[PDB]
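To begin, one chain is listed below as structure tokens, in the form deposited in one PDB entry.
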């Protein structure tokens, strides 16, 4: 188990360095997310609002959270729901135009599953809920944190991290020309140069786009090992798993076909 092919073994090696780097970047972003959650969780404006919910105390909150959105760029939406799950503050940011602002539409959401999940969470504990889409293509990871003042719960931070954004920010290495795809633990893709294979567990006509079923022999290593590669004699597949805000493993993949293994130089 180790020979080989020289040109192809070199490539994998480089592929693995790339996954080491980009993985580390992901770590940072996720730590950024938790950091921001705490600040947001402790922001003054929030406290002031929490005790005295005027429209003057709101306005300052909103203004504040909107500067965070417009400054951090990676949050599609930032929200406080009360202990009863009513959105009291709902900020949206759009990195295409880069305006952050308060919504006027507030909704009860104590129906939705993720809120109940939110429930079963310790004060100040940050976990991630699944991945969501928009229309009907724009996806977002959803992050949750129960918030309390003097171990007395008050409401819930909910974040929507823009995966389309991260993805175009982390997933292509121009020096090395490697696309890093993102594959969830369930086997479905949430990022790829190839758009048609995305979200097979949301879009039923994509359901065959699952790693366990596209690469039956490799999937198992990807699942149980922290990093490595494998050649199936059609594709070389290099992988390394990280933890991203949940502690659901997320698998970063570099995947090259035989044809692509035509690696020259410029």
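Positions refer to the first chain, counted from 1. Take the two forms, find the largest set of C-alpha atoms that superpose within 1.5 Å, and that set is the rigid core.
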### Query
When you step from residue 136 to residue 137 in this entry, do you jump over none, 1 to 3, 4 to 9, or 10 or more residues of the deposited sequence that have no coordinates?
4 to 9
### Task
Quick one: say whether 172 to 180 or 155 to 163 has the higher mean Cα B-factor in the deposited entry.
155 to 163
### Task
Averaging the C-alpha B factors as listed in the entry, name the stretch that ends up higher: 146 to 154 or 69 to 77.
146 to 154
### Query
Checking the entry, which one of 220, 233, 200, 53 has the top C-alpha B factor?
53
### Message
Please say which third, lowest, middle or highest, residue 128 falls into when its CA temperature factor is compared across its chain.
### Response
highest
### Query
What third of the chain, by the recorded C-alpha B-factor, contains residue 91?
middle
### Query
Among the modelled residues of its chain, does the C-alpha B-factor of residue 266 lie in the lowest, middle or highest third?
lowest
### residue 207 by Cα B-factor - lowest, middle or highest third of the modelled chain
middle
### Query
Where does residue 85 sit by CA temperature factor within its chain: lowest, middle or highest third?
highest
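The same protein also has a form deposited in another entry, omitted here; what follows describes it.
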### Query
Among 112, 179, 176, 186, which is the residue that shifts its C-alpha 2 Å or more between this form and the one not shown, core superposed?
112
### Message
If the two forms are fitted on the core, does residue 131 show a Cα displacement reaching 2 angstroms between this form and the one not shown?
### Response
yes
